[PDB]
There are 2 protein chains.
Amino acid sequence: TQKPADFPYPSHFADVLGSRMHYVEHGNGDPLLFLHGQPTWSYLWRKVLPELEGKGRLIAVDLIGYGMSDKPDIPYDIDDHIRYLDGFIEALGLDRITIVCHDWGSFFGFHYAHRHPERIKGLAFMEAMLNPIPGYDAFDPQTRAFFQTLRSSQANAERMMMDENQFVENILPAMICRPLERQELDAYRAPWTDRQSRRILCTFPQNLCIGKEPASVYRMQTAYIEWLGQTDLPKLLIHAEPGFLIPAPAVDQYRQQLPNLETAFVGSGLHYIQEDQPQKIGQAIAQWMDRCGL
Amino acid sequence: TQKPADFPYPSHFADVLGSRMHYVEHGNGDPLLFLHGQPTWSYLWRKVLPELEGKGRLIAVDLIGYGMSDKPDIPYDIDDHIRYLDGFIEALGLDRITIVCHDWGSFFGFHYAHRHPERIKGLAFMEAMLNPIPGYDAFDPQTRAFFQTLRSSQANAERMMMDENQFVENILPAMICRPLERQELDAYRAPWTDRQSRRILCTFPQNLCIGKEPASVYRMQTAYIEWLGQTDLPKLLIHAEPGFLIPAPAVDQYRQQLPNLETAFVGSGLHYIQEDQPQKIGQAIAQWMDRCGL
Ligand code: NA
Ligand code: NA
Ligand code: NA
Ligand code: NA
Ligand code: NA
Ligand code: NA
Ligand code: NA
Ligand code: NA
């Protein structure tokens, strides 16, 4: 992957399970770990990070296979992603961690926090994987037919991702309210220029929990939600209108369901809200970490 | 003035300088003082207060001459409003105050807070008077025409306020996105049904600081903004899109200019944002008071 000229944070790499994972880093102190999802990378947070400079050690990591991380010769099943992100976090020896997470990055962050609660200081999340999606008819029409068709066969998934590159070229722009500049979209294309490598883009849409399927992802997500409902850890839910994974009424559900949950509304956004309201998102996290000067 | 049907807080009156000032009240603890501006009254906050019950002693006051307050035979210059609101606050012996303020209520609130900082616990404000308006070119052309014409002569100000009642009849509904129900508009009309009494409505738009005019208001506002820039008191700026006195780019400036400032975006609104997003406004204040240990 060629590093985009508009990503002004330094590239570092950690050795994890015989591969290298990329992350950008800024500052010192307790870590603020930023976790992206499908089909993005740490670039997604480039305009959010400036709002949090000086609030701790910013670490925005690319999941294995994504961004500027290596693409080892592996299936990129959910277990793979779990192992490699755990390996990353261990490789850096992170503790006292504030996770800032989105989409699959929230599945992984929440599952990590569930398994290592002692290592967490706080959880900030947006357009996250919280209560499982109960079925296709309760799922947002924006993507419902897209997911059904992709999930119906490996051939369909491969056509859609490898030949048509639909997640990058179509879904991503469609789930951002403002128009992307060409070099911004090019940044999202840049890890995925090779057709065969785009097989990797199949696995997240094949594994999104819908109607308890896949069953392993349903069990893990159900289990971290049960745990989230008991944890006293400070939580921040950043939300947009109309949103996607977290529409407006679901926001209020979480205020009641999750202890010590604060919220911040950032206005118009669908799924990749960092592209619509980065400054507001960053400032929401900053204000929440500052705790009114207490 | 008769109490509106949808204003469900009990009416009280304080004796201040030989007149009665109306206020509504709820609860106990450290006070939340709600301050309205032009051409409203405490009714403006009727749907905000329910979000804050149990968070302190809620006190929403009508400026002298406004709402259900008496209309004594006085000039109603800015100094008169200062003396009567000081007299109100003293009459109730309010201390450890969280001021929640809007438009001219913010001018009076901030001027009080600047002179008596030891009486203040926090400041929550929206569509407020912070940096003076730099010139008439800060308004869109319709609004600029309104102010210019009103300010050009006493006869124009009297026509517009006394004969046309334009602040109630036009500006008010124009600066709320949703349509007002008939009883809501009637509530705003009700203190101003008398033509002679509407002379009072001239003073605020004649004294709004625009391009350093008038000089008294420029001095006082410049002084309290300097003070706001230094105090660590908790502050909350609630804002809407596109807003009016505080448009989006100003919000961002205040984020950096004023210490310990939290922001809360409430979505669509112009000036009288209480009428568009009262629940969100109230909830934003509630969350910020909890964060701030208020
Ligand atoms: Na490897
Ligand atoms: Na949705
Ligand atoms: Na915010
Ligand atoms: Na009097
Ligand atoms: Na006093
Ligand atoms: Na206007
Ligand atoms: Na701020
Ligand atoms: Na600040």
# chains A, B, ... in the order shown; residues from 1 in each chain; ligands from 1
>>> interface_residues(of="chain A", to="chain B", cutoff="12 Å", atoms="only C-alpha atoms", output="ChimeraX atom specification")
/A:51,234,236,238-242,252,255,260-269,277,279-294
>>> residues_around(residues="residue B:98", least_positions_apart="3", cutoff="7 Å", atoms="only C-alpha atoms", output="list in words")
residues 31, 32, 33, 120, 121, 122 and 123 of chain B
>>> write_last_selection(atoms="C-alpha atoms", output="short mmCIF file (atom, residue, chain, number, x, y, z; two decimals), in the first residue's frame")
data_model
loop_
_atom_site.label_atom_id
_atom_site.label_comp_id
_atom_site.auth_asym_id
_atom_site.auth_seq_id
_atom_site.Cartn_x
_atom_site.Cartn_y
_atom_site.Cartn_z
CA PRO B 31 -30.28 26.43 41.70
CA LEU B 32 -30.53 26.28 37.95
CA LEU B 33 -31.39 29.83 36.86
CA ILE B 120 -21.59 30.83 40.17
CA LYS B 121 -21.16 27.08 39.78
CA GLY B 122 -21.58 26.75 36.01
CA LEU B 123 -22.78 28.37 32.82
#
>>> select_by_dssp(residues="stretch 55-238 of chain A", states="alpha helix (DSSP H)", output="PyMOL selection string")
chain A and resi 78-92+103-115+141-152+154-158+166+172-174+182-189+203-207+215-228
>>> residues_near_ligand(ligand="ligand 4", cutoff="12 Å", atoms="only C-alpha atoms and all ligand atoms", output="PyMOL selection string")
chain B and resi 14-21+64-65+69-76+80-81+83-85+87-88
>>> write_last_selection(atoms="C-alpha atoms", output="PDB file, in the first residue's frame")
ATOM      1  CA  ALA B  14     -40.550  38.106  43.995  1.00  0.00           C
ATOM      2  CA  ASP B  15     -40.807  41.696  45.162  1.00  0.00           C
ATOM      3  CA  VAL B  16     -37.990  43.584  43.466  1.00  0.00           C
ATOM      4  CA  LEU B  17     -37.718  47.419  43.517  1.00  0.00           C
ATOM      5  CA  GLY B  18     -41.452  47.808  44.220  1.00  0.00           C
ATOM      6  CA  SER B  19     -42.601  45.496  41.444  1.00  0.00           C
ATOM      7  CA  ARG B  20     -43.310  41.823  41.156  1.00  0.00           C
ATOM      8  CA  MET B  21     -41.131  39.625  38.994  1.00  0.00           C
ATOM      9  CA  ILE B  64     -38.929  43.076  34.192  1.00  0.00           C
ATOM     10  CA  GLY B  65     -41.635  44.082  31.755  1.00  0.00           C
ATOM     11  CA  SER B  69     -43.649  40.153  35.445  1.00  0.00           C
ATOM     12  CA  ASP B  70     -45.056  43.614  36.209  1.00  0.00           C
ATOM     13  CA  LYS B  71     -44.542  46.378  33.693  1.00  0.00           C
ATOM     14  CA  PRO B  72     -43.666  49.408  35.870  1.00  0.00           C
ATOM     15  CA  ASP B  73     -43.367  52.908  34.457  1.00  0.00           C
ATOM     16  CA  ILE B  74     -39.611  52.819  33.888  1.00  0.00           C
ATOM     17  CA  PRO B  75     -37.345  53.282  30.836  1.00  0.00           C
ATOM     18  CA  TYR B  76     -36.398  49.620  30.405  1.00  0.00           C
ATOM     19  CA  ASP B  80     -32.804  48.869  34.369  1.00  0.00           C
ATOM     20  CA  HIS B  81     -32.775  45.209  33.357  1.00  0.00           C
ATOM     21  CA  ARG B  83     -30.801  46.287  38.352  1.00  0.00           C
ATOM     22  CA  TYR B  84     -33.979  44.255  38.366  1.00  0.00           C
ATOM     23  CA  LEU B  85     -32.366  40.954  37.628  1.00  0.00           C
ATOM     24  CA  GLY B  87     -32.596  42.486  42.590  1.00  0.00           C
ATOM     25  CA  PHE B  88     -34.343  39.225  41.702  1.00  0.00           C
TER      26      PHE B  88
END
>>> closest_residue(among="A:47, A:52, A:97, A:138", to="ligand 7", atoms="only C-alpha atoms and all ligand atoms")
A:52
>>> select_by_dssp(residues="stretch 112-264 of chain A", states="strand (DSSP E)", output="ChimeraX atom specification")
/A:120-128,235-242,261-264
>>> residues_around(residues="residue A:110", least_positions_apart="3", cutoff="10 Å", atoms="only C-alpha atoms", output="PyMOL selection string")
chain A and resi 99+101+104-107+113-117+123+125+128-130+220-221+223-225+227-228
>>> residues_around(residues="residue A:187", least_positions_apart="5", cutoff="8 Å", atoms="only C-alpha atoms", output="PyMOL selection string")
chain A and resi 3-4+43
>>> write_last_selection(atoms="N, CA, C and O atoms", output="short mmCIF file (atom, residue, chain, number, x, y, z; two decimals), in the first residue's frame")
data_model
loop_
_atom_site.label_atom_id
_atom_site.label_comp_id
_atom_site.auth_asym_id
_atom_site.auth_seq_id
_atom_site.Cartn_x
_atom_site.Cartn_y
_atom_site.Cartn_z
N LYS A 3 1.48 4.98 1.07
CA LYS A 3 0.97 5.86 2.11
C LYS A 3 0.39 7.15 1.52
O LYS A 3 1.06 7.83 0.76
N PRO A 4 -0.86 7.51 1.89
CA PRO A 4 -1.45 8.70 1.33
C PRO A 4 -0.71 9.98 1.80
O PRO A 4 -0.29 10.08 2.94
N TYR A 43 -6.38 5.31 8.24
CA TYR A 43 -6.65 6.54 7.53
C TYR A 43 -8.00 7.16 7.90
O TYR A 43 -8.17 8.39 7.89
#
>>> atom_distance(atom1="atom CA of residue A:244", atom2="atom CA of residue A:180")
18.5 Å
>>> residues_near_ligand(ligand="ligand 6", cutoff="9 Å", atoms="only C-alpha atoms and all ligand atoms", output="ChimeraX atom specification")
/B:139-144,171,174-175,243-244,270-271
>>> write_last_selection(atoms="N, CA, C and O atoms", output="PDB file, in the first residue's frame")
ATOM      1  N   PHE B 139     -25.356  39.512   9.537  1.00  0.00           N
ATOM      2  CA  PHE B 139     -26.726  38.985   9.343  1.00  0.00           C
ATOM      3  C   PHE B 139     -26.953  38.706   7.884  1.00  0.00           C
ATOM      4  O   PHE B 139     -26.377  39.402   7.034  1.00  0.00           O
ATOM      5  N   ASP B 140     -27.821  37.730   7.591  1.00  0.00           N
ATOM      6  CA  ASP B 140     -28.360  37.611   6.233  1.00  0.00           C
ATOM      7  C   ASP B 140     -29.093  38.918   5.857  1.00  0.00           C
ATOM      8  O   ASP B 140     -29.426  39.716   6.727  1.00  0.00           O
ATOM      9  N   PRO B 141     -29.407  39.107   4.600  1.00  0.00           N
ATOM     10  CA  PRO B 141     -30.024  40.379   4.167  1.00  0.00           C
ATOM     11  C   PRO B 141     -31.403  40.661   4.811  1.00  0.00           C
ATOM     12  O   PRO B 141     -31.664  41.823   5.172  1.00  0.00           O
ATOM     13  N   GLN B 142     -32.261  39.650   4.972  1.00  0.00           N
ATOM     14  CA  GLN B 142     -33.593  39.917   5.592  1.00  0.00           C
ATOM     15  C   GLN B 142     -33.424  40.432   7.006  1.00  0.00           C
ATOM     16  O   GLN B 142     -34.045  41.434   7.398  1.00  0.00           O
ATOM     17  N   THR B 143     -32.618  39.714   7.781  1.00  0.00           N
ATOM     18  CA  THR B 143     -32.432  40.072   9.184  1.00  0.00           C
ATOM     19  C   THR B 143     -31.660  41.421   9.268  1.00  0.00           C
ATOM     20  O   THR B 143     -31.955  42.299  10.108  1.00  0.00           O
ATOM     21  N   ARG B 144     -30.644  41.590   8.450  1.00  0.00           N
ATOM     22  CA  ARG B 144     -29.908  42.829   8.429  1.00  0.00           C
ATOM     23  C   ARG B 144     -30.874  43.992   8.157  1.00  0.00           C
ATOM     24  O   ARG B 144     -30.803  44.991   8.868  1.00  0.00           O
ATOM     25  N   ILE B 171     -40.311  37.551  13.786  1.00  0.00           N
ATOM     26  CA  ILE B 171     -38.955  37.033  14.074  1.00  0.00           C
ATOM     27  C   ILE B 171     -39.002  35.725  14.832  1.00  0.00           C
ATOM     28  O   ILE B 171     -38.295  34.778  14.521  1.00  0.00           O
ATOM     29  N   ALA B 174     -40.138  32.860  12.578  1.00  0.00           N
ATOM     30  CA  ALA B 174     -39.126  32.693  11.553  1.00  0.00           C
ATOM     31  C   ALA B 174     -37.863  32.007  12.040  1.00  0.00           C
ATOM     32  O   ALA B 174     -37.143  31.392  11.257  1.00  0.00           O
ATOM     33  N   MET B 175     -37.558  32.132  13.348  1.00  0.00           N
ATOM     34  CA  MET B 175     -36.327  31.582  13.908  1.00  0.00           C
ATOM     35  C   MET B 175     -36.572  30.332  14.741  1.00  0.00           C
ATOM     36  O   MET B 175     -35.786  30.000  15.635  1.00  0.00           O
ATOM     37  N   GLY B 243     -28.229  27.662  13.191  1.00  0.00           N
ATOM     38  CA  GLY B 243     -28.074  28.629  14.288  1.00  0.00           C
ATOM     39  C   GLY B 243     -28.312  30.044  13.833  1.00  0.00           C
ATOM     40  O   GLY B 243     -28.785  30.244  12.688  1.00  0.00           O
ATOM     41  N   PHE B 244     -27.993  31.041  14.660  1.00  0.00           N
ATOM     42  CA  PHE B 244     -28.211  32.461  14.290  1.00  0.00           C
ATOM     43  C   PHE B 244     -27.103  33.318  14.932  1.00  0.00           C
ATOM     44  O   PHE B 244     -26.178  33.724  14.213  1.00  0.00           O
ATOM     45  N   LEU B 270     -32.490  27.396  14.663  1.00  0.00           N
ATOM     46  CA  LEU B 270     -32.088  28.750  14.251  1.00  0.00           C
ATOM     47  C   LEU B 270     -31.765  29.553  15.499  1.00  0.00           C
ATOM     48  O   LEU B 270     -30.664  29.370  16.072  1.00  0.00           O
ATOM     49  N   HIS B 271     -32.706  30.356  16.010  1.00  0.00           N
ATOM     50  CA  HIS B 271     -32.452  31.099  17.233  1.00  0.00           C
ATOM     51  C   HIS B 271     -33.143  30.570  18.480  1.00  0.00           C
ATOM     52  O   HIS B 271     -32.458  30.328  19.489  1.00  0.00           O
TER      53      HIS B 271
END
